[PDB]
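Trainee: Got a file for you: entry-v1.cif, mmCIF, N, CA and C atoms and all ligand atoms.
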data_entry
loop_
_atom_site.label_atom_id
_atom_site.label_comp_id
_atom_site.auth_asym_id
_atom_site.auth_seq_id
_atom_site.Cartn_x
_atom_site.Cartn_y
_atom_site.Cartn_z
N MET A 1 -47.80 -40.10 60.37
CA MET A 1 -48.76 -41.24 60.21
C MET A 1 -48.94 -41.52 58.72
N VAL A 2 -49.08 -42.81 58.35
CA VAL A 2 -49.29 -43.21 56.95
C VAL A 2 -50.50 -42.43 56.45
N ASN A 3 -50.39 -41.87 55.25
CA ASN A 3 -51.49 -41.10 54.66
C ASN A 3 -52.52 -42.03 54.02
N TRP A 4 -53.29 -42.71 54.86
CA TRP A 4 -54.25 -43.67 54.34
C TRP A 4 -55.31 -43.02 53.46
N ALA A 5 -55.65 -41.77 53.71
CA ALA A 5 -56.63 -41.12 52.85
C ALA A 5 -56.11 -41.03 51.42
N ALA A 6 -54.82 -40.72 51.26
CA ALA A 6 -54.24 -40.66 49.93
C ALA A 6 -54.14 -42.04 49.29
N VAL A 7 -53.79 -43.04 50.09
CA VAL A 7 -53.74 -44.40 49.58
C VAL A 7 -55.13 -44.80 49.09
N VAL A 8 -56.16 -44.50 49.88
CA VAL A 8 -57.51 -44.87 49.50
C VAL A 8 -57.94 -44.15 48.22
N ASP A 9 -57.59 -42.87 48.09
CA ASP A 9 -57.93 -42.18 46.85
C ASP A 9 -57.30 -42.87 45.64
N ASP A 10 -56.04 -43.28 45.76
CA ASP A 10 -55.37 -43.95 44.65
C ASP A 10 -55.99 -45.32 44.39
N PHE A 11 -56.41 -45.98 45.47
CA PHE A 11 -57.08 -47.26 45.37
C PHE A 11 -58.34 -47.14 44.50
N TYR A 12 -59.20 -46.17 44.81
CA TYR A 12 -60.42 -46.02 44.03
C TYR A 12 -60.11 -45.64 42.58
N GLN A 13 -59.08 -44.83 42.35
CA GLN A 13 -58.69 -44.52 40.97
C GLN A 13 -58.30 -45.80 40.22
N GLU A 14 -57.51 -46.65 40.86
CA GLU A 14 -57.10 -47.88 40.21
C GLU A 14 -58.29 -48.80 39.97
N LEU A 15 -59.15 -48.91 40.98
CA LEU A 15 -60.28 -49.81 40.92
C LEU A 15 -61.24 -49.45 39.80
N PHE A 16 -61.62 -48.18 39.74
CA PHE A 16 -62.57 -47.74 38.74
C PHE A 16 -61.98 -47.58 37.35
N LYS A 17 -60.67 -47.39 37.26
CA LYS A 17 -60.04 -47.35 35.95
C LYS A 17 -60.09 -48.76 35.35
N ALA A 18 -59.83 -49.77 36.17
CA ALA A 18 -59.83 -51.14 35.67
C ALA A 18 -61.22 -51.76 35.53
N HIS A 19 -62.14 -51.33 36.39
CA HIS A 19 -63.49 -51.88 36.39
C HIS A 19 -64.49 -50.75 36.56
N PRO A 20 -64.65 -49.95 35.51
CA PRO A 20 -65.52 -48.78 35.60
C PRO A 20 -66.92 -49.11 36.08
N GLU A 21 -67.41 -50.30 35.74
CA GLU A 21 -68.77 -50.67 36.09
C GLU A 21 -69.00 -50.81 37.60
N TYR A 22 -67.93 -51.04 38.36
CA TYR A 22 -68.07 -51.15 39.81
C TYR A 22 -68.60 -49.82 40.36
N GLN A 23 -68.27 -48.73 39.69
CA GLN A 23 -68.66 -47.41 40.18
C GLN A 23 -70.17 -47.22 40.16
N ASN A 24 -70.85 -47.99 39.32
CA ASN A 24 -72.31 -47.87 39.19
C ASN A 24 -73.07 -48.28 40.45
N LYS A 25 -72.39 -49.00 41.34
CA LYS A 25 -73.02 -49.43 42.57
C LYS A 25 -72.96 -48.39 43.68
N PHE A 26 -72.29 -47.28 43.42
CA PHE A 26 -72.10 -46.24 44.42
C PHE A 26 -72.94 -44.99 44.17
N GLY A 27 -73.01 -44.14 45.19
CA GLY A 27 -73.76 -42.90 45.10
C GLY A 27 -73.12 -41.88 44.19
N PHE A 28 -71.88 -42.14 43.79
CA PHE A 28 -71.15 -41.28 42.86
C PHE A 28 -71.08 -41.89 41.45
N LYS A 29 -72.02 -42.78 41.16
CA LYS A 29 -72.17 -43.33 39.82
C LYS A 29 -72.13 -42.18 38.78
N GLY A 30 -71.41 -42.41 37.69
CA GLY A 30 -71.35 -41.46 36.58
C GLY A 30 -70.38 -40.30 36.69
N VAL A 31 -69.83 -40.11 37.88
CA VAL A 31 -68.94 -38.98 38.11
C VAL A 31 -67.54 -39.24 37.54
N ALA A 32 -67.00 -38.25 36.84
CA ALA A 32 -65.67 -38.39 36.26
C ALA A 32 -64.65 -38.73 37.34
N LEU A 33 -63.71 -39.62 37.03
CA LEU A 33 -62.73 -40.02 38.04
C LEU A 33 -61.95 -38.85 38.62
N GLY A 34 -61.63 -37.88 37.77
CA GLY A 34 -60.90 -36.71 38.21
C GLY A 34 -61.72 -35.76 39.06
N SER A 35 -63.01 -36.06 39.22
CA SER A 35 -63.89 -35.22 40.03
C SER A 35 -64.37 -35.89 41.31
N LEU A 36 -63.93 -37.12 41.56
CA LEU A 36 -64.43 -37.82 42.73
C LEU A 36 -64.12 -37.05 43.99
N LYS A 37 -62.94 -36.44 44.05
CA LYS A 37 -62.58 -35.72 45.26
C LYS A 37 -63.51 -34.54 45.56
N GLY A 38 -64.26 -34.09 44.56
CA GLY A 38 -65.19 -33.00 44.78
C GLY A 38 -66.63 -33.47 44.92
N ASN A 39 -66.81 -34.77 45.11
CA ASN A 39 -68.14 -35.37 45.20
C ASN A 39 -68.46 -35.78 46.64
N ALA A 40 -69.60 -35.32 47.15
CA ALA A 40 -69.95 -35.58 48.55
C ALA A 40 -70.15 -37.06 48.87
N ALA A 41 -70.79 -37.78 47.97
CA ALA A 41 -70.99 -39.21 48.22
C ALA A 41 -69.64 -39.92 48.28
N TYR A 42 -68.73 -39.54 47.39
CA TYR A 42 -67.40 -40.15 47.39
C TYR A 42 -66.65 -39.84 48.68
N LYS A 43 -66.72 -38.58 49.12
CA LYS A 43 -66.00 -38.18 50.32
C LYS A 43 -66.42 -39.07 51.49
N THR A 44 -67.71 -39.32 51.61
CA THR A 44 -68.21 -40.17 52.69
C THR A 44 -67.73 -41.61 52.56
N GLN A 45 -67.84 -42.16 51.35
CA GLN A 45 -67.41 -43.53 51.10
C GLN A 45 -65.91 -43.71 51.34
N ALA A 46 -65.09 -42.79 50.84
CA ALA A 46 -63.64 -42.91 51.04
C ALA A 46 -63.31 -42.85 52.53
N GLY A 47 -64.01 -41.99 53.28
CA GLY A 47 -63.79 -41.90 54.71
C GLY A 47 -64.06 -43.22 55.40
N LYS A 48 -65.11 -43.92 54.98
CA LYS A 48 -65.44 -45.21 55.58
C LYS A 48 -64.40 -46.27 55.27
N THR A 49 -63.84 -46.22 54.06
CA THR A 49 -62.80 -47.15 53.65
C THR A 49 -61.53 -46.90 54.47
N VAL A 50 -61.17 -45.62 54.62
CA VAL A 50 -60.03 -45.28 55.47
C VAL A 50 -60.28 -45.78 56.90
N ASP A 51 -61.50 -45.55 57.40
CA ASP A 51 -61.83 -46.05 58.74
C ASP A 51 -61.64 -47.57 58.84
N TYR A 52 -62.09 -48.31 57.82
CA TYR A 52 -61.97 -49.75 57.87
C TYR A 52 -60.50 -50.17 57.92
N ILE A 53 -59.68 -49.52 57.11
CA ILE A 53 -58.25 -49.82 57.12
C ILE A 53 -57.65 -49.57 58.50
N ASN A 54 -57.97 -48.44 59.11
CA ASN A 54 -57.44 -48.14 60.43
C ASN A 54 -57.95 -49.14 61.47
N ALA A 55 -59.17 -49.64 61.26
CA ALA A 55 -59.73 -50.65 62.14
C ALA A 55 -59.02 -52.01 61.96
N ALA A 56 -58.69 -52.35 60.72
CA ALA A 56 -58.00 -53.61 60.47
C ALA A 56 -56.62 -53.58 61.12
N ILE A 57 -55.93 -52.45 60.99
CA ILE A 57 -54.60 -52.32 61.57
C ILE A 57 -54.70 -52.27 63.11
N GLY A 58 -55.74 -51.61 63.62
CA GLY A 58 -55.92 -51.45 65.05
C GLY A 58 -56.44 -52.69 65.76
N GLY A 59 -56.97 -53.63 64.99
CA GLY A 59 -57.44 -54.90 65.53
C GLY A 59 -58.93 -55.02 65.80
N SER A 60 -59.71 -54.02 65.41
CA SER A 60 -61.14 -54.05 65.68
C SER A 60 -62.01 -54.30 64.45
N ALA A 61 -61.40 -54.52 63.29
CA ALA A 61 -62.18 -54.68 62.08
C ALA A 61 -63.07 -55.91 62.14
N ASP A 62 -64.28 -55.76 61.63
CA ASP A 62 -65.21 -56.87 61.56
C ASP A 62 -65.25 -57.34 60.11
N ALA A 63 -64.31 -58.21 59.75
CA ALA A 63 -64.22 -58.69 58.38
C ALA A 63 -65.47 -59.46 57.95
N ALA A 64 -66.02 -60.26 58.85
CA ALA A 64 -67.23 -61.01 58.52
C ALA A 64 -68.37 -60.05 58.20
N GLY A 65 -68.50 -59.01 59.01
CA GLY A 65 -69.55 -58.03 58.81
C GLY A 65 -69.36 -57.27 57.50
N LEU A 66 -68.12 -56.92 57.17
CA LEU A 66 -67.88 -56.20 55.92
C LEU A 66 -68.18 -57.10 54.73
N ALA A 67 -67.77 -58.36 54.81
CA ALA A 67 -68.06 -59.31 53.76
C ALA A 67 -69.57 -59.46 53.56
N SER A 68 -70.29 -59.63 54.65
CA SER A 68 -71.74 -59.80 54.55
C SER A 68 -72.41 -58.59 53.90
N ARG A 69 -71.96 -57.39 54.26
CA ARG A 69 -72.51 -56.20 53.65
C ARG A 69 -72.20 -56.11 52.16
N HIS A 70 -71.02 -56.56 51.75
CA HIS A 70 -70.70 -56.58 50.33
C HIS A 70 -71.53 -57.61 49.57
N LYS A 71 -71.77 -58.78 50.18
CA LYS A 71 -72.65 -59.76 49.54
C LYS A 71 -74.04 -59.13 49.37
N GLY A 72 -74.39 -58.23 50.29
CA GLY A 72 -75.66 -57.53 50.25
C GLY A 72 -75.79 -56.53 49.11
N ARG A 73 -74.69 -56.29 48.41
CA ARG A 73 -74.66 -55.42 47.24
C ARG A 73 -74.29 -56.25 46.02
N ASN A 74 -74.33 -57.58 46.16
CA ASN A 74 -73.92 -58.48 45.10
C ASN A 74 -72.46 -58.29 44.68
N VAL A 75 -71.60 -58.07 45.68
CA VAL A 75 -70.17 -57.94 45.45
C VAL A 75 -69.53 -59.13 46.15
N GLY A 76 -68.69 -59.87 45.44
CA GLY A 76 -68.12 -61.08 46.02
C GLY A 76 -66.63 -61.28 45.85
N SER A 77 -66.21 -62.54 45.89
CA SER A 77 -64.80 -62.90 45.82
C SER A 77 -64.05 -62.33 44.62
N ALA A 78 -64.63 -62.46 43.44
CA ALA A 78 -63.98 -61.95 42.23
C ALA A 78 -63.62 -60.47 42.35
N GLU A 79 -64.61 -59.67 42.71
CA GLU A 79 -64.41 -58.24 42.91
C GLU A 79 -63.34 -57.98 43.96
N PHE A 80 -63.38 -58.70 45.08
CA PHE A 80 -62.37 -58.53 46.10
C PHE A 80 -60.96 -58.94 45.69
N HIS A 81 -60.84 -59.93 44.81
CA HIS A 81 -59.52 -60.28 44.32
C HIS A 81 -58.99 -59.13 43.44
N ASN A 82 -59.88 -58.53 42.66
CA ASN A 82 -59.49 -57.38 41.85
C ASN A 82 -59.11 -56.20 42.75
N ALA A 83 -59.90 -55.99 43.80
CA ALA A 83 -59.63 -54.91 44.74
C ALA A 83 -58.29 -55.12 45.44
N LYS A 84 -57.99 -56.36 45.80
CA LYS A 84 -56.73 -56.67 46.47
C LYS A 84 -55.56 -56.20 45.59
N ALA A 85 -55.64 -56.46 44.30
CA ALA A 85 -54.58 -56.04 43.39
C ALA A 85 -54.48 -54.52 43.31
N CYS A 86 -55.62 -53.85 43.23
CA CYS A 86 -55.62 -52.40 43.13
C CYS A 86 -55.10 -51.76 44.39
N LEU A 87 -55.44 -52.34 45.54
CA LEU A 87 -55.00 -51.76 46.80
C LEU A 87 -53.50 -51.98 46.98
N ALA A 88 -52.98 -53.10 46.48
CA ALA A 88 -51.55 -53.35 46.55
C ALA A 88 -50.80 -52.29 45.74
N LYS A 89 -51.33 -51.93 44.58
CA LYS A 89 -50.71 -50.88 43.76
C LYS A 89 -50.75 -49.54 44.49
N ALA A 90 -51.87 -49.23 45.12
CA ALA A 90 -52.01 -47.95 45.83
C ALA A 90 -51.06 -47.88 47.03
N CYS A 91 -50.97 -48.96 47.79
CA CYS A 91 -50.06 -48.98 48.93
C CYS A 91 -48.63 -48.80 48.46
N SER A 92 -48.26 -49.52 47.42
CA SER A 92 -46.89 -49.44 46.92
C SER A 92 -46.54 -48.03 46.44
N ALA A 93 -47.49 -47.37 45.79
CA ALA A 93 -47.27 -46.01 45.29
C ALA A 93 -46.97 -45.01 46.41
N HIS A 94 -47.35 -45.34 47.64
CA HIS A 94 -47.15 -44.42 48.76
C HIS A 94 -46.15 -44.94 49.77
N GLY A 95 -45.51 -46.06 49.45
CA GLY A 95 -44.57 -46.66 50.38
C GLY A 95 -45.27 -47.09 51.65
N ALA A 96 -46.54 -47.48 51.52
CA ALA A 96 -47.34 -47.90 52.66
C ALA A 96 -47.28 -49.42 52.81
N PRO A 97 -47.49 -49.91 54.02
CA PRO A 97 -47.56 -51.36 54.23
C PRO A 97 -48.68 -51.92 53.37
N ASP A 98 -48.47 -53.12 52.86
CA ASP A 98 -49.46 -53.83 52.08
C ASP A 98 -50.59 -54.25 53.02
N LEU A 99 -51.81 -54.28 52.49
CA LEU A 99 -53.00 -54.66 53.24
C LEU A 99 -53.58 -56.00 52.80
N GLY A 100 -52.76 -56.80 52.13
CA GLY A 100 -53.22 -58.09 51.63
C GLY A 100 -53.82 -59.00 52.68
N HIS A 101 -53.25 -59.04 53.88
CA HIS A 101 -53.79 -59.91 54.91
C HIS A 101 -55.19 -59.47 55.34
N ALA A 102 -55.40 -58.16 55.39
CA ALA A 102 -56.73 -57.65 55.73
C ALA A 102 -57.74 -58.04 54.67
N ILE A 103 -57.35 -57.94 53.40
CA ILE A 103 -58.28 -58.31 52.33
C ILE A 103 -58.51 -59.82 52.34
N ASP A 104 -57.46 -60.58 52.64
CA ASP A 104 -57.65 -62.02 52.75
C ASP A 104 -58.66 -62.35 53.85
N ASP A 105 -58.68 -61.56 54.93
CA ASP A 105 -59.61 -61.81 56.02
C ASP A 105 -61.05 -61.66 55.51
N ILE A 106 -61.29 -60.63 54.71
CA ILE A 106 -62.62 -60.43 54.13
C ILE A 106 -62.93 -61.56 53.15
N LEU A 107 -61.95 -61.89 52.32
CA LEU A 107 -62.12 -62.97 51.35
C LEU A 107 -62.48 -64.30 52.02
N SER A 108 -61.99 -64.52 53.24
CA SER A 108 -62.28 -65.76 53.95
C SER A 108 -63.75 -65.91 54.31
N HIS A 109 -64.52 -64.83 54.17
CA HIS A 109 -65.95 -64.88 54.44
C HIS A 109 -66.77 -64.70 53.16
N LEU A 110 -66.09 -64.65 52.02
CA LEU A 110 -66.76 -64.54 50.73
C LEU A 110 -66.62 -65.86 49.96
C1 LIG B 1 -60.29 -52.97 49.32
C2 LIG B 1 -61.47 -53.60 49.31
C3 LIG B 1 -62.72 -52.89 49.86
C4 LIG B 1 -62.87 -52.34 51.06
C5 LIG B 1 -61.83 -52.27 52.20
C6 LIG B 1 -64.21 -51.79 51.14
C7 LIG B 1 -64.76 -51.12 52.20
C8 LIG B 1 -66.07 -50.69 52.30
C9 LIG B 1 -66.69 -50.10 53.46
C10 LIG B 1 -65.96 -49.84 54.78
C11 LIG B 1 -67.98 -49.84 53.16
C12 LIG B 1 -69.07 -49.22 54.08
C13 LIG B 1 -69.67 -50.45 54.77
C14 LIG B 1 -70.99 -50.29 55.48
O1 LIG B 1 -72.05 -50.31 54.80
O2 LIG B 1 -71.00 -50.20 56.73
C15 LIG B 1 -68.19 -50.26 51.79
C16 LIG B 1 -69.38 -50.13 51.11
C17 LIG B 1 -69.58 -50.50 49.80
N1 LIG B 1 -68.67 -51.14 48.96
FE1 LIG B 1 -66.78 -51.66 49.47
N2 LIG B 1 -64.86 -52.03 49.94
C18 LIG B 1 -63.95 -52.71 49.13
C19 LIG B 1 -64.16 -53.14 47.84
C20 LIG B 1 -65.32 -53.00 47.12
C21 LIG B 1 -65.52 -53.42 45.75
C22 LIG B 1 -64.49 -54.17 44.87
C23 LIG B 1 -66.78 -53.11 45.41
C24 LIG B 1 -67.44 -53.41 44.04
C25 LIG B 1 -68.34 -52.60 43.49
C26 LIG B 1 -67.39 -52.45 46.55
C27 LIG B 1 -68.68 -51.98 46.62
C28 LIG B 1 -69.25 -51.37 47.71
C29 LIG B 1 -70.58 -50.83 47.70
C30 LIG B 1 -71.59 -50.83 46.54
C31 LIG B 1 -70.81 -50.24 49.08
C32 LIG B 1 -72.06 -49.52 49.61
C33 LIG B 1 -71.90 -48.04 49.27
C34 LIG B 1 -73.15 -47.26 49.60
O3 LIG B 1 -73.73 -47.50 50.69
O4 LIG B 1 -73.55 -46.39 48.78
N3 LIG B 1 -66.48 -52.41 47.58
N4 LIG B 1 -67.01 -50.78 51.29
#
If you took the structure in this file and wrote it as structure tokens, what would it be?
Ligand code: HEM
Mentor:
Amino acid sequence: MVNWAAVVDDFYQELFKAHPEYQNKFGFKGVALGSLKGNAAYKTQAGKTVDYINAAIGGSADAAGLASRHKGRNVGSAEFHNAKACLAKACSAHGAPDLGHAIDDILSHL
């Protein structure tokens, strides 16, 4: 099975390396990037992201709901376009299918 947990870890590394300030919105604010894997708040968040990916592939993802929750944290289209790029890099690094269509689905509600 595609190692989505590893893809997601690389995704967050790319995302926070390019936009360190995005990390301030999470429960692992301030934590060194090389230590995220040892952080409980991060472990939970990464698990939810992996779940969302498996839901998008499986056909049950609620893109509208995910978009609305992100708007609820003041996260919008710009951030998601940046995330789309970071996730494409993470997928490519693992020879995983690209998730651009799934991100476009979320973007369609932002
Ligand atoms: C690849 C794109 C992204 C995906 C698939 C994704 C997925 C998720 C999921 C599944 C959750 C949990 C949702 C829930 O509350 O039920 C979440 C929460 C959150 N996301 Fe995203 N996200 C993405 C990009 C971003 C970006 C770019 C930001 C910018 C800061 C962000 C900020 C947040 C924040 C602040 C939370 C709430 C965390 C908390 O409750 O402590 N996300 N995300």
Trainee: Restricting the calculation to only N, CA and C atoms and all ligand atoms: of A:31, A:5, A:50, A:90, which residue gets closest to ligand LIG 1 (chain B)?
Mentor: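 Smallest separation from ligand LIG 1 (chain B) among the options: A:50.
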Trainee: For atom CA of residue 55 of chain A and atom CA of residue 72 of chain A, quote the distance in Å rounded to one decimal.
Mentor: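 Straight-line distance from atom CA of residue 55 of chain A to atom CA of residue 72 of chain A works out to 21.0 Å.
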Trainee: Quick check for you: according to DSSP on this backbone, which residues of chain A are classed as helix (DSSP H, G or I)? Reply as an MDAnalysis selection string.
Mentor: chainID A and resid 4:18 20:25 33:38 40:58 63:71 77:93 100:107
Trainee: To test the calculation: enclose all listed atoms of ligand LIG 1 (chain B) in a box whose edges run along x, y and z, add 3 Å on each side, then state centre and edge lengths in Å to one decimal, as JSON.
Mentor:
{"center_x": -67.0, "center_y": -50.3, "center_z": 50.1, "size_x": 19.4, "size_y": 13.8, "size_z": 19.2}
Trainee: If the limit is 8 Å from any atom of ligand LIG 1 (chain B), counting all atoms listed in the file, which residues qualify? Return them as an mmCIF file with N, CA and C atoms, in the frame of the given file.
Mentor:
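Output (selection_6.cif):
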data_model
loop_
_atom_site.group_PDB
_atom_site.id
_atom_site.type_symbol
_atom_site.label_atom_id
_atom_site.label_comp_id
_atom_site.auth_asym_id
_atom_site.auth_seq_id
_atom_site.Cartn_x
_atom_site.Cartn_y
_atom_site.Cartn_z
ATOM 1 N N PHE A 11 -56.410 -45.980 45.470
ATOM 2 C CA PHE A 11 -57.080 -47.260 45.370
ATOM 3 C C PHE A 11 -58.340 -47.140 44.500
ATOM 4 N N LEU A 15 -59.150 -48.910 40.980
ATOM 5 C CA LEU A 15 -60.280 -49.810 40.920
ATOM 6 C C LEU A 15 -61.240 -49.450 39.800
ATOM 7 N N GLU A 21 -67.410 -50.300 35.740
ATOM 8 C CA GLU A 21 -68.770 -50.670 36.090
ATOM 9 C C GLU A 21 -69.000 -50.810 37.600
ATOM 10 N N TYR A 22 -67.930 -51.040 38.360
ATOM 11 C CA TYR A 22 -68.070 -51.150 39.810
ATOM 12 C C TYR A 22 -68.600 -49.820 40.360
ATOM 13 N N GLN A 23 -68.270 -48.730 39.690
ATOM 14 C CA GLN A 23 -68.660 -47.410 40.180
ATOM 15 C C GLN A 23 -70.170 -47.220 40.160
ATOM 16 N N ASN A 24 -70.850 -47.990 39.320
ATOM 17 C CA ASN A 24 -72.310 -47.870 39.190
ATOM 18 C C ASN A 24 -73.070 -48.280 40.450
ATOM 19 N N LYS A 25 -72.390 -49.000 41.340
ATOM 20 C CA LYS A 25 -73.020 -49.430 42.570
ATOM 21 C C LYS A 25 -72.960 -48.390 43.680
ATOM 22 N N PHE A 26 -72.290 -47.280 43.420
ATOM 23 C CA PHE A 26 -72.100 -46.240 44.420
ATOM 24 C C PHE A 26 -72.940 -44.990 44.170
ATOM 25 N N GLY A 27 -73.010 -44.140 45.190
ATOM 26 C CA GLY A 27 -73.760 -42.900 45.100
ATOM 27 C C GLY A 27 -73.120 -41.880 44.190
ATOM 28 N N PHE A 28 -71.880 -42.140 43.790
ATOM 29 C CA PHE A 28 -71.150 -41.280 42.860
ATOM 30 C C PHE A 28 -71.080 -41.890 41.450
ATOM 31 N N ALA A 41 -70.790 -37.780 47.970
ATOM 32 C CA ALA A 41 -70.990 -39.210 48.220
ATOM 33 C C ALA A 41 -69.640 -39.920 48.280
ATOM 34 N N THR A 44 -67.710 -39.320 51.610
ATOM 35 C CA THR A 44 -68.210 -40.170 52.690
ATOM 36 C C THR A 44 -67.730 -41.610 52.560
ATOM 37 N N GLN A 45 -67.840 -42.160 51.350
ATOM 38 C CA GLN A 45 -67.410 -43.530 51.100
ATOM 39 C C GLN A 45 -65.910 -43.710 51.340
ATOM 40 N N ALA A 46 -65.090 -42.790 50.840
ATOM 41 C CA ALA A 46 -63.640 -42.910 51.040
ATOM 42 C C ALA A 46 -63.310 -42.850 52.530
ATOM 43 N N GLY A 47 -64.010 -41.990 53.280
ATOM 44 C CA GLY A 47 -63.790 -41.900 54.710
ATOM 45 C C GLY A 47 -64.060 -43.220 55.400
ATOM 46 N N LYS A 48 -65.110 -43.920 54.980
ATOM 47 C CA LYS A 48 -65.440 -45.210 55.580
ATOM 48 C C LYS A 48 -64.400 -46.270 55.270
ATOM 49 N N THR A 49 -63.840 -46.220 54.060
ATOM 50 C CA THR A 49 -62.800 -47.150 53.650
ATOM 51 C C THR A 49 -61.530 -46.900 54.470
ATOM 52 N N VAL A 50 -61.170 -45.620 54.620
ATOM 53 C CA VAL A 50 -60.030 -45.280 55.470
ATOM 54 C C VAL A 50 -60.280 -45.780 56.900
ATOM 55 N N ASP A 51 -61.500 -45.550 57.400
ATOM 56 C CA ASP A 51 -61.830 -46.050 58.740
ATOM 57 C C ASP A 51 -61.640 -47.570 58.840
ATOM 58 N N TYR A 52 -62.090 -48.310 57.820
ATOM 59 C CA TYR A 52 -61.970 -49.750 57.870
ATOM 60 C C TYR A 52 -60.500 -50.170 57.920
ATOM 61 N N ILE A 53 -59.680 -49.520 57.110
ATOM 62 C CA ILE A 53 -58.250 -49.820 57.120
ATOM 63 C C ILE A 53 -57.650 -49.570 58.500
ATOM 64 N N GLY A 65 -68.500 -59.010 59.010
ATOM 65 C CA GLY A 65 -69.550 -58.030 58.810
ATOM 66 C C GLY A 65 -69.360 -57.270 57.500
ATOM 67 N N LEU A 66 -68.120 -56.920 57.170
ATOM 68 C CA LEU A 66 -67.880 -56.200 55.920
ATOM 69 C C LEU A 66 -68.180 -57.100 54.730
ATOM 70 N N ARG A 69 -71.960 -57.390 54.260
ATOM 71 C CA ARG A 69 -72.510 -56.200 53.650
ATOM 72 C C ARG A 69 -72.200 -56.110 52.160
ATOM 73 N N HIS A 70 -71.020 -56.560 51.750
ATOM 74 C CA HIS A 70 -70.700 -56.580 50.330
ATOM 75 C C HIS A 70 -71.530 -57.610 49.570
ATOM 76 N N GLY A 72 -74.390 -58.230 50.290
ATOM 77 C CA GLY A 72 -75.660 -57.530 50.250
ATOM 78 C C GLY A 72 -75.790 -56.530 49.110
ATOM 79 N N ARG A 73 -74.690 -56.290 48.410
ATOM 80 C CA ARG A 73 -74.660 -55.420 47.240
ATOM 81 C C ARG A 73 -74.290 -56.250 46.020
ATOM 82 N N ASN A 74 -74.330 -57.580 46.160
ATOM 83 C CA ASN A 74 -73.920 -58.480 45.100
ATOM 84 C C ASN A 74 -72.460 -58.290 44.680
ATOM 85 N N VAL A 75 -71.600 -58.070 45.680
ATOM 86 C CA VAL A 75 -70.170 -57.940 45.450
ATOM 87 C C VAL A 75 -69.530 -59.130 46.150
ATOM 88 N N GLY A 76 -68.690 -59.870 45.440
ATOM 89 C CA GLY A 76 -68.120 -61.080 46.020
ATOM 90 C C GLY A 76 -66.630 -61.280 45.850
ATOM 91 N N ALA A 78 -64.630 -62.460 43.440
ATOM 92 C CA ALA A 78 -63.980 -61.950 42.230
ATOM 93 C C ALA A 78 -63.620 -60.470 42.350
ATOM 94 N N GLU A 79 -64.610 -59.670 42.710
ATOM 95 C CA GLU A 79 -64.410 -58.240 42.910
ATOM 96 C C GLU A 79 -63.340 -57.980 43.960
ATOM 97 N N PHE A 80 -63.380 -58.700 45.080
ATOM 98 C CA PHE A 80 -62.370 -58.530 46.100
ATOM 99 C C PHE A 80 -60.960 -58.940 45.690
ATOM 100 N N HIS A 81 -60.840 -59.930 44.810
ATOM 101 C CA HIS A 81 -59.520 -60.280 44.320
ATOM 102 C C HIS A 81 -58.990 -59.130 43.440
ATOM 103 N N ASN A 82 -59.880 -58.530 42.660
ATOM 104 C CA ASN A 82 -59.490 -57.380 41.850
ATOM 105 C C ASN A 82 -59.110 -56.200 42.750
ATOM 106 N N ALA A 83 -59.900 -55.990 43.800
ATOM 107 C CA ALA A 83 -59.630 -54.910 44.740
ATOM 108 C C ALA A 83 -58.290 -55.120 45.440
ATOM 109 N N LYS A 84 -57.990 -56.360 45.800
ATOM 110 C CA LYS A 84 -56.730 -56.670 46.470
ATOM 111 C C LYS A 84 -55.560 -56.200 45.590
ATOM 112 N N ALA A 85 -55.640 -56.460 44.300
ATOM 113 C CA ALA A 85 -54.580 -56.040 43.390
ATOM 114 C C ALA A 85 -54.480 -54.520 43.310
ATOM 115 N N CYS A 86 -55.620 -53.850 43.230
ATOM 116 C CA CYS A 86 -55.620 -52.400 43.130
ATOM 117 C C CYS A 86 -55.100 -51.760 44.390
ATOM 118 N N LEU A 87 -55.440 -52.340 45.540
ATOM 119 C CA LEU A 87 -55.000 -51.760 46.800
ATOM 120 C C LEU A 87 -53.500 -51.980 46.980
ATOM 121 N N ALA A 88 -52.980 -53.100 46.480
ATOM 122 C CA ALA A 88 -51.550 -53.350 46.550
ATOM 123 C C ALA A 88 -50.800 -52.290 45.740
ATOM 124 N N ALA A 102 -55.400 -58.160 55.390
ATOM 125 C CA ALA A 102 -56.730 -57.650 55.730
ATOM 126 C C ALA A 102 -57.740 -58.040 54.670
ATOM 127 N N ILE A 103 -57.350 -57.940 53.400
ATOM 128 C CA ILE A 103 -58.280 -58.310 52.330
ATOM 129 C C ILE A 103 -58.510 -59.820 52.340
#
Trainee: Using only N, CA and C atoms, what does the table of segment 53-95 of chain A residues within 6 Å of segment 104-109 of chain A look like, with each row giving the shortest atom pair and its distance in Å to one decimal, sorted by chain and ascending number, as a Markdown table?
Mentor:
| residue | atom | partner | partner_atom | distance |
| --- | --- | --- | --- | --- |
| A:63 | CA | A:106 | CA | 4.9 |
| A:64 | CA | A:109 | CA | 5.8 |
| A:67 | CA | A:106 | CA | 5.6 |
Trainee: Find, counting all atoms listed in the file, the residue in A:59, A:12, A:77, A:19 that gets nearest to residue 33 of chain A.
Mentor: A:12
Trainee: Which one is closest to residue 2 of chain A: A:56, A:97, A:92, A:37? Count all atoms listed in the file.
Mentor: A:97
Trainee: I want to know what sits within 12 Å of residue 34 of chain A, based on only C-alpha atoms, with residues of the same chain fewer than 5 positions away left out; could you give that as a list in words?
Mentor: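 The contact residues come out as residues 9, 10, 12, 13, 14, 16, 17, 39 and 42 of chain A.
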Trainee: Rounded to one decimal, what separation in Å do you get between atom N of residue 96 of chain A and atom CA of residue 18 of chain A?
Mentor: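 Atom-to-atom, atom N of residue 96 of chain A to atom CA of residue 18 of chain A, that is 21.0 Å.
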Trainee: Quick one: pull the distance between atom N of residue 58 of chain A and atom CA of residue 93 of chain A, Å, one decimal.
Mentor: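 Distance reported for this atom pair: 21.0 Å.
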Trainee: Between A:54, A:40, A:32, A:60, which one has atoms that come closest to residue 4 of chain A, using all atoms listed in the file?
Mentor: A:54
Trainee: Under the rule that only N, CA and C atoms are counted, which of A:68, A:29, A:89, A:43 is the nearest residue to residue 110 of chain A?
Mentor: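 Checking each of A:68, A:29, A:89, A:43 against residue 110 of chain A, counting only N, CA and C atoms, the winner is A:68.
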